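Trainee: Let me give you the structure first, and then I'll get to my questions.
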Amino acid sequence: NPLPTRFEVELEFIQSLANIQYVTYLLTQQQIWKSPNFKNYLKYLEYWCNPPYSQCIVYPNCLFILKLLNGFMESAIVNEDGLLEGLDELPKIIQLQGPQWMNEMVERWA
Amino acid sequence: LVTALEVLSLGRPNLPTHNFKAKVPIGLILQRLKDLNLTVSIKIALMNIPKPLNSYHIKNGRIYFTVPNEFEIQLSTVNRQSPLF
Amino acid sequence: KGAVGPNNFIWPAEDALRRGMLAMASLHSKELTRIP
Amino acid sequence: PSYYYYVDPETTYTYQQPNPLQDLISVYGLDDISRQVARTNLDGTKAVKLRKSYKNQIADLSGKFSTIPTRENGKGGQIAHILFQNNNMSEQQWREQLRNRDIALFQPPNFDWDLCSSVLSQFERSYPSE
Amino acid sequence: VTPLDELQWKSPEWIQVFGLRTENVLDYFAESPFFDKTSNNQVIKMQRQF
Amino acid sequence: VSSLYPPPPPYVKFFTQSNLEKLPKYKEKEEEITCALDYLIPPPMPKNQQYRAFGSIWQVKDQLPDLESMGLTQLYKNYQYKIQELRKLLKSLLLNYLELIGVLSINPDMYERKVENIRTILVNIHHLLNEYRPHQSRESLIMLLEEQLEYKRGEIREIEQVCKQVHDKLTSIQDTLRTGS
Amino acid sequence: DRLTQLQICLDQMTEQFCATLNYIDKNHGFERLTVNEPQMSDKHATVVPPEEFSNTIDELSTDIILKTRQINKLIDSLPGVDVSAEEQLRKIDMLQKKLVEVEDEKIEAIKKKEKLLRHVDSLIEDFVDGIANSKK
């Protein structure tokens, strides 16, 4: 029973972004959007945009959500205290437009 | 093939976007201003002109009806069949 | 189209994330992080 | 000819054993039951309609029987489960203690007839009847 | 600590394996933290298992 | 009694501003991790070319499995042979249904082998369709290119017919100007 | 889409086998092996007239045959049966080259259209300023 690999763990996490109940759960925790670690991780996960990494993406709306979440990251500013400013209204956006986004991607499914 | 092309072209499937993730072409602005000059000039040909209002300056998306040392009023039309504004 | 759901087609569902191996990566986070 | 898949000429199927196309009553010889409790005689006429209760099989006794002993009259009891309970020497020898294995409930101290006589001697006259 | 009156609970492993209908709400609920292990339902479940 | 969703990967703790600023000088100079900045590099593709995700096995270049490899019977295996085999399989399925009705009409106790034959005929039909599926996908791509070409040529035709309408209307005003001259 | 209709037709046609077996198992009746044996039935069995029973059997069989006809015709009209993947790629590259060529054809067609655009632009502007100077 092998140990997990970085490719497989990062693939599962990047694909979980299609589940936007899951990113609602992630972005309703105060220690995640405030941390610049998550900002830098979501900027790092842009290697799934390009092939051969993009071939393994089974749920490409995760890539859509990844680009949408990284749209706020260049407008993010980290301060000396570690508070990632400009990110207080992102959970507002996610909780307001979550049902709408998943309804639109279900319509794209149909 | 639709989803394959979207992902392998833009890196994203094509979904509606409400937040940042347009741009109006300035050459198109120049072309529309030239044809708007042509539109006001194609409109004023069908209309009679007052004798003191024969001085009209034809540039810059509009027409300059001027009476010297009195006034200069500038007007634009949207199309052929709509009156001037 | 009344007995099939969008649960594991558009996105990975909750049970997919549980039985998936990011979940056990969370448990084995110490072994995955190791630096010599 | 053209071969088609799993259509095998050498594979053969037989009828069911027994065949339900036939009258299995006649196959296993249940004709005696069928003609003994058939609702109609097998010549086109109607047979006699047998009665719902067991008057015909209790009519051959000389007794006080005028009604039907049923479940609902309060005179009978549910003895079905007690009715249904269950438990060198040659074959013959083994069989007389098989015949004698139950006689132990017949003599005293189980069924002392002196005590039976003593309790039956306490009976007085008449019975209260409504 | 999160108090019990303030959380939503589901077991989608149980949903994938057994599936929830009207006949299994009680032993689906038995896996929840809402369920008390010292309850008459669980002890008569052990009695009927015995 | 834990949370519903798994947390983000522990790799998130490595992505700091200092690590990002030391990453490009590291770039100038299933992995053998040598430092903390190796997690800032995207991981390679799987060497086995199989990866595990969501409790399942996936392959980087998936291939259609065979009946023998999955433990079933493949009767028979440039697609005209497959199309005639599909016709033969359809006719065999219809004949097997008729034989199943006959077996049910005389003795419904050897129905198991006939149901098994219908089961394997149907999976053979479906597997032949799945073998033909890449060919139909490539036909769909050809159809996409042909429909793009059709729209392109329709735009050519409409643009040139607008242009020729301009030419002959200018010829008309030229003719009426000659008449009125 | 054509293979999709083929898979749909196979699933529905096997469901037609299932439904035919359902009807023939549930809606049959009772018949005489001999005339002497009694005939009877209950309220729990769907007794049907034998003539329309045979009619429904016949129309179920015609539905099975007709579905087989649609499946056979759909197999015959599956898209692409004689070309191999090499001819598919030899179609793919000529299709992309013709797409590029017709896009270039659109480039010069639009060049001619813009030539006509500025030609009629000059014509109408000369006309309007000439008639405006004449009317003034």
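Ordering of the structure tokens sets the chain letters (A, B, ...); residue numbers start at 1 within each chain; ligands are numbered from 1 in the order shown.
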Only residues of chain C matter here; which ones have an atom within 9 Å of chain E, counting only C-alpha atoms? Give them as a PyMOL selection string.
Mentor: chain C and resi 14-15+18-19
Trainee: Can you list, as a ChimeraX atom specification, all residues belonging to segment 23-106 of chain G that DSSP tags as helix (DSSP H, G or I)?
Mentor: /G:23-26,50-76,85-106
Trainee: Just to confirm, what's the straight-line distance from atom CA of residue 21 of chain D to atom CA of residue 33 of chain G in Å (one decimal)?
Mentor: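 Rounded to one decimal, the two atoms are 7.5 Å apart.
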Trainee: With only C-alpha atoms counted and 8 Å as the cut-off, give the residues of chain F in contact with chain C, each with its shortest interatomic distance in Å and the pair that gives it, as a tab-separated table.
Mentor:
residue	atom	partner	partner_atom	distance
F:4	CA	C:14	CA	7.7
F:5	CA	C:14	CA	7.0
F:6	CA	C:23	CA	5.2
F:7	CA	C:26	CA	6.7
F:8	CA	C:26	CA	7.8
F:9	CA	C:26	CA	6.5
F:10	CA	C:29	CA	5.9
F:11	CA	C:33	CA	7.0
F:33	CA	C:35	CA	6.7
F:34	CA	C:36	CA	6.7
F:35	CA	C:35	CA	6.3
F:36	CA	C:35	CA	6.9
F:52	CA	C:21	CA	7.7
F:53	CA	C:20	CA	5.8
F:54	CA	C:20	CA	3.7
F:55	CA	C:20	CA	4.8
Trainee: Using only C-alpha atoms, I'd like a table of the residues in chain F that come within 6 Å of chain G; for each, show the closest atom pair and its distance in Å rounded to one decimal, ordered by chain and ascending number, as JSON lines.
Mentor:
{"residue": "F:78", "atom": "CA", "partner": "G:84", "partner_atom": "CA", "distance": 5.2}
{"residue": "F:79", "atom": "CA", "partner": "G:81", "partner_atom": "CA", "distance": 5.3}
{"residue": "F:80", "atom": "CA", "partner": "G:81", "partner_atom": "CA", "distance": 5.4}
{"residue": "F:149", "atom": "CA", "partner": "G:99", "partner_atom": "CA", "distance": 5.9}
Trainee: Could you save those same residues with N, CA, C and O atoms as a PDB file, in the first residue's frame?
Mentor:
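selection.pdb, written as the output of this step:
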ATOM      1  N   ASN F  78     -11.353   0.387 -42.205  1.00  0.00           N
ATOM      2  CA  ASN F  78     -11.112  -1.023 -41.921  1.00  0.00           C
ATOM      3  C   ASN F  78     -12.131  -1.552 -40.920  1.00  0.00           C
ATOM      4  O   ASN F  78     -11.966  -2.639 -40.367  1.00  0.00           O
ATOM      5  N   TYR F  79     -13.188  -0.775 -40.693  1.00  0.00           N
ATOM      6  CA  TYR F  79     -14.211  -1.114 -39.714  1.00  0.00           C
ATOM      7  C   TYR F  79     -15.390  -1.867 -40.315  1.00  0.00           C
ATOM      8  O   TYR F  79     -16.348  -2.159 -39.590  1.00  0.00           O
ATOM      9  N   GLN F  80     -15.342  -2.187 -41.613  1.00  0.00           N
ATOM     10  CA  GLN F  80     -16.428  -2.931 -42.248  1.00  0.00           C
ATOM     11  C   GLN F  80     -16.587  -4.319 -41.646  1.00  0.00           C
ATOM     12  O   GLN F  80     -17.712  -4.827 -41.546  1.00  0.00           O
ATOM     13  N   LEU F 149     -15.784  24.900 -42.050  1.00  0.00           N
ATOM     14  CA  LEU F 149     -15.540  25.243 -43.450  1.00  0.00           C
ATOM     15  C   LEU F 149     -16.815  25.710 -44.140  1.00  0.00           C
ATOM     16  O   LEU F 149     -16.783  26.629 -44.966  1.00  0.00           O
TER      17      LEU F 149
END
Trainee: Taking only C-alpha atoms into account, report as a list in words which residues of chain B lie within 8 Å of chain G.
Mentor: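 Residues passing the distance filter: residues 38, 41, 42, 45, 49, 51 and 54 of chain B.
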